[PDB]
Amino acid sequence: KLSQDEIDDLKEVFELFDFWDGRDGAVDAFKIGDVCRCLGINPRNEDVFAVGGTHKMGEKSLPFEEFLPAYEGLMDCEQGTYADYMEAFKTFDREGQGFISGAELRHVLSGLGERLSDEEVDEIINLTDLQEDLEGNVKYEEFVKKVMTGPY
């Protein structure tokens, strides 16, 4: 199933993360999610836990061979579509015009689901250049597209 092209990318990334926790041929089980994110997949935290991800640095460490199957197991995780995202945000849109207030945007991002930190929230709003208007409203559809299409 896994293209050799893909196995190569996994090695490259694996070695980067190996280096970054102390070169020794193993990546911390806590960084499992991030390796995979670098490879272009978007697992929920609950996914990476199901494949062996730990809650904290220093509990377990994986050599490449134990890591490959973790990756293969997340690779098929469910990923949100744009339609799903719009439906979700629409439940917070009070008049269905396409706006949501910035405070609400922050409530859903750091108060629901797998809650993101204030720092993480401020950063995605920064990177996506999402501005609110004079009454504190933002268009969730722009934000959704910017996040989906990625940093490049």
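Heads up: residue numbers just count along the shown sequence, starting at 1.
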Higher of the two mean Cα B-factors (108-116, 46-54; per PDB record) comes from 46-54
Mean CA temperature factor from the deposited coordinates, higher in 138-146 or in 5-13? 5-13
Between 126, 61, 91, 101, which one tops the list for C-alpha B-factor in the PDB entry? 61
Residue 132 CA temperature factor, ranked by third within the chain: highest
By the entry's values, the third containing the CA B factor of residue 34 is the lowest
Chain-relative CA temperature factor third for residue 26: highest
